[PDB]
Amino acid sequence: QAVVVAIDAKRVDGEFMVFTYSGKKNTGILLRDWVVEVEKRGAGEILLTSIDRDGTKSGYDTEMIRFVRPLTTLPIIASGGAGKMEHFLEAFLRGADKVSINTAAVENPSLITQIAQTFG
């Protein structure tokens, strides 16, 4: 799956909207529509980031993950918001095939080990 389409999204007026330019611009296209179209186009895997939660070690947007899961057969990488161990677990339970970590890993590198050791 060498082709990854990265989708930055967050709720705009209750709705999940797609952003581009480092999360600065609302494309006006709905998450829903974009996920479907990207698979049709030949995406091999989806990196799904919640813009809201990035850098807030407050957990992935699991509603976002749940809402995307039935829309695609592709592998999904959940990114944005990971703060601690149960977040990974919640993301995975929701349909995420892989979970990403940045901020918390640079701070607590033993988090990498904790989730790795547990999934294997």
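For every residue, the number given is its place in the sequence shown, counted from 1.
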108 to 116 or 6 to 14, whichever carries the higher mean Cα B-factor: 108 to 116
Of 54 to 62 and 40 to 48, the stretch whose C-alpha atoms average the higher B-factor in the entry: 54 to 62
Comparing recorded Cα B-factors across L74, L31, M85, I77, which one is largest? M85
Taking the C-alpha B-factors as the PDB entry records them, is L89 in the lowest, middle or highest third of its chain? highest
